[PDB]
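Here Cβ is always computed from backbone atoms with ideal geometry, including for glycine, and neighbour counts include all displayed protein chains. Please treat every number below as a calculation from the coordinates, not as lab data.
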Amino acid sequence: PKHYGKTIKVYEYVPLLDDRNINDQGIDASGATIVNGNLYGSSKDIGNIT
Amino acid sequence: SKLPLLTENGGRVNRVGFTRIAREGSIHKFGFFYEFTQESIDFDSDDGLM
């Protein structure tokens, strides 16, 4: 559109449980604070998932 | 000393004259302008800048 300069910008919300989702809100099932908020971080190991 | 006085038999005694003068005026020309580009109007944040 006119009168908005020469640049266009767009957001992106992919990281729902991917590795790129980096945050400090995590709390594990026991109730303690943990480093990563995402549950798995795109790991296919059965041990980590369990 | 300079009064106009006649006599009993007076002719060609007190002559006077007159004078006129002139005034004048003239006219002149003034002006100024400004320039702009299409991009300046289209991409500026403020519409109605003109």
Centroid-to-centroid separation of the stretch A:8-48 and the stretch B:1-47 [C-alpha atoms, Å]: 89 Å
Could you tell me which of B:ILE41, B:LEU6, B:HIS28 has its Cα farthest along the dipole of chain B towards the positive end, charges placed at Cβ (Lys, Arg +1; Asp, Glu -1), taken about the Cα centre? B:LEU6
Cα-based Rg (one decimal) and Dmax (whole number) for the protein assembly as shown, in Å? 50.1, 154
Explain nothing, just the number: dipole magnitude of chain A about its Cα centre with +1 on each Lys and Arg Cβ and -1 on each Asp and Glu Cβ, in debye rounded to the nearest 20. 500 debye
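Before rounding to the nearest 500, sum -39500 (n - 2.57) across all DSSP H runs of length at least 4 in the protein assembly as shown and divide by the residue total; then give [θ] at 222 nm in deg cm²/dmol.
Rounded to the nearest 500, the figure is -1500 deg cm²/dmol.
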Could you give log10 I(q)/I(0) at q = 0.20, 0.21, 0.30 Å⁻¹ for chain A, computed by the Debye formula over C-alpha point scatterers of equal weight, without solvent? -0.76, -0.82, -1.17
How much length is gained if the chain between B:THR7 and B:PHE33 is pulled fully straight, taking 0.36 nm per residue apart and subtracting their Cα-Cα distance, in nm to one decimal? 1.7 nm
Pairwise FRET efficiency - A:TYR11 versus A:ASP45, Cβ, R0 = 35 Å, nearest 0.05: 0.65
Put a dot 7 Å past each Cα toward the Cβ at A:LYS2 and B:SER40; how far apart are the dots in nm? 1.7 nm
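Pop out the Kirkwood hydrodynamic radius of chain B from its pairwise C-alpha distances, inverse of mean 1/r, in Å to one decimal.
19.7 Å
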